[PDB]
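As a starting point, one isolated chain is supplied in structure tokens, in the form deposited in one PDB entry.
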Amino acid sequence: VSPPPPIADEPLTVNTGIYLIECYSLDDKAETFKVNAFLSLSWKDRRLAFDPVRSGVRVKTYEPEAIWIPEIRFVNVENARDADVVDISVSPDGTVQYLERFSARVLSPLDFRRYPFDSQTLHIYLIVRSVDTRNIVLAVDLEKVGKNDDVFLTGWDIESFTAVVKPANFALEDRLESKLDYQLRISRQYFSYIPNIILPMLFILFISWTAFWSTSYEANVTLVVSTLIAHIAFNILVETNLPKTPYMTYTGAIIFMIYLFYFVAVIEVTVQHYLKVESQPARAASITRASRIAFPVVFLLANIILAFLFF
């Protein structure tokens, strides 16, 4: 089998379309997602053209092996897609209508900077390598691009699934390549992070600040050091559900900053006890009284500063 011949010197336009059936397994650590969709391809092959009157039949159905099909591949997939051909239909003029159902694990980078208040643009890149006889260019048939109403991505809100209609045409290893960008716009469902990580984390911090209404060094040491260990447990829990980034994430910045608050609380608790032992509780009382205001005020201001920088 050979590719369709050009009437003039024009390339072959393969009209593409992806219709999402299932969206699942968005792995943040792996920066991958799994997809189950329909891939529709359409091109003109005049060699397959027929007179509908003389043939009786308006449409002709073919097996993949029987006709020439353009080698369309996905750029950002882990292993080559599992594909099952649904139908191949030839119209009288020779227009082929290919339809397959596929499943693929797509590699798409995520921006964790605003986590867990981040939004992502997942990509599915379609590509075709031009052949020796003629060049192949990709196109988007918007009527065959979409997603099923039941398509849900656990822990995410699906906003849109659109295609950048203009292909990226470039040269690779002395041959022309036509690439298409299918974009799935999603936003993270931050809800669960509030009662499970954010609020538990703040409670333990506020518990550490009760040491500013205590003169008992032994109890203060217990309060500040214990809550610090609960914070490490949370810090570890958070970094296990995320990949290692060469930048700070929003949660990462807050979590890190809270260590400084624990450290400074230890200094305060230490200073207050030292002064008390030195028989100067007057200075120790003023420092502790200031801390009561200073710690929540600086925490509240530092968080306004961080939220401003990240959002």
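Residues that one form lacks are left out of the comparison. All residue numbers are counted from 1 along the displayed sequence. Rigid core (definition): largest C-alpha set, two forms, superposition within 1.5 Å.
Keep in mind that the form deposited in another entry is not shown, yet the notes after this line are about it.
Of the candidates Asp132, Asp150, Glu71, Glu218, the Cα that moves 2 angstroms or more after core superposition between the shown form and the other one belongs to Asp132 alone. When the rigid core is held fixed, the Cα atom of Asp141 travels 2 angstroms or more between the shown form and the other one. CA of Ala49 to CA of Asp141: farther apart by 3 Å or more in the other form than in the shown form.
Pairwise change in the other form: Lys144 and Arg185 C-alpha atoms lie closer than in the shown form, at least 3 Å. Taken over residues common to both forms, the rigid core alignment between the shown form and the other one yields 4-9, 132-145 as runs of three or more consecutive residues whose Cα atoms shift by 2 Å or more.
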